[PDB]
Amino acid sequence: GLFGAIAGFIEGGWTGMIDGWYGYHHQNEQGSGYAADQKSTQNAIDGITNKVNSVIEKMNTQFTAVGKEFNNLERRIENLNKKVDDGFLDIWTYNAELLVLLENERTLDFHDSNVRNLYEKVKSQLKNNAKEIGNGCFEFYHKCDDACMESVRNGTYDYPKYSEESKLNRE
């Protein structure tokens, strides 16, 4: 994908994370588990809901449309009528198909972007208090219990608080 994360440096998805689109898996002395990132997930849901609704909104409904009849001396206007109906049908079929193609691409890339930005967000919080493995994972140079983990997840991780412990273990 365009942003290199989904099917990228983060090789696969997690069937064990059932309550959101993006999120975290942690392991510490207390245990292991998945947790969805609510902020990034909800931002994506809102965006995508708006995209679908905007697509539908531009498609005003079809009201009663029934065929016209023409007598045997009205072949030119009958054919004009058919050219009009066929031409509009060609255009609307084209617009619907193309719009779905292009938007599908954009949507997958939007997800790939959201994963990449979540990864980079965590990376910049942790800095050198953790080492990047490369597969979306970080190994802490300090003990990180459940409260600490939740601080990473909600974006309030305290780098200076854990820097000295980290520096001792990093060297």
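Note that the rigid core is defined as the largest set of C-alphas that superpose within 1.5 Å between two forms. Residues carry their position along the shown sequence, with the first being 1.
With 127-135 and 50-58 as candidates, the stretch whose CA atoms show the greater average offset from this form in 5 other deposited structures of this protein after a core fit is 127-135.
Taking the rigid core as the alignment reference, the C-alpha atoms of 152-160 lie farther on average from the displayed form in 5 other deposited structures of this protein than those of the other stretch among 152-160 and 10-18.
For the two regions 51-59 and 142-150, the entry's Cα B-factors average higher over 51-59. Relative to one another, 73-81 and 91-99 have unequal mean CA B-factors, and 91-99 is the one with the higher figure. In the deposited entry, the Cα temperature factor of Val66 sits in the top third of values across the chain's modelled residues. Sort the modelled residues of the chain by CA B factor and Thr107 lands in the lowest third. Ranked by C-alpha B-factor against the other modelled residues of its chain, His26 falls in the lowest third. In this PDB entry, the Cα temperature factor of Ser32 sits in the top third of its chain's modelled residues, the highest group. Placement of the Cα temperature factor of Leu126 within the chain: lowest third of the modelled residues, per the deposited record.
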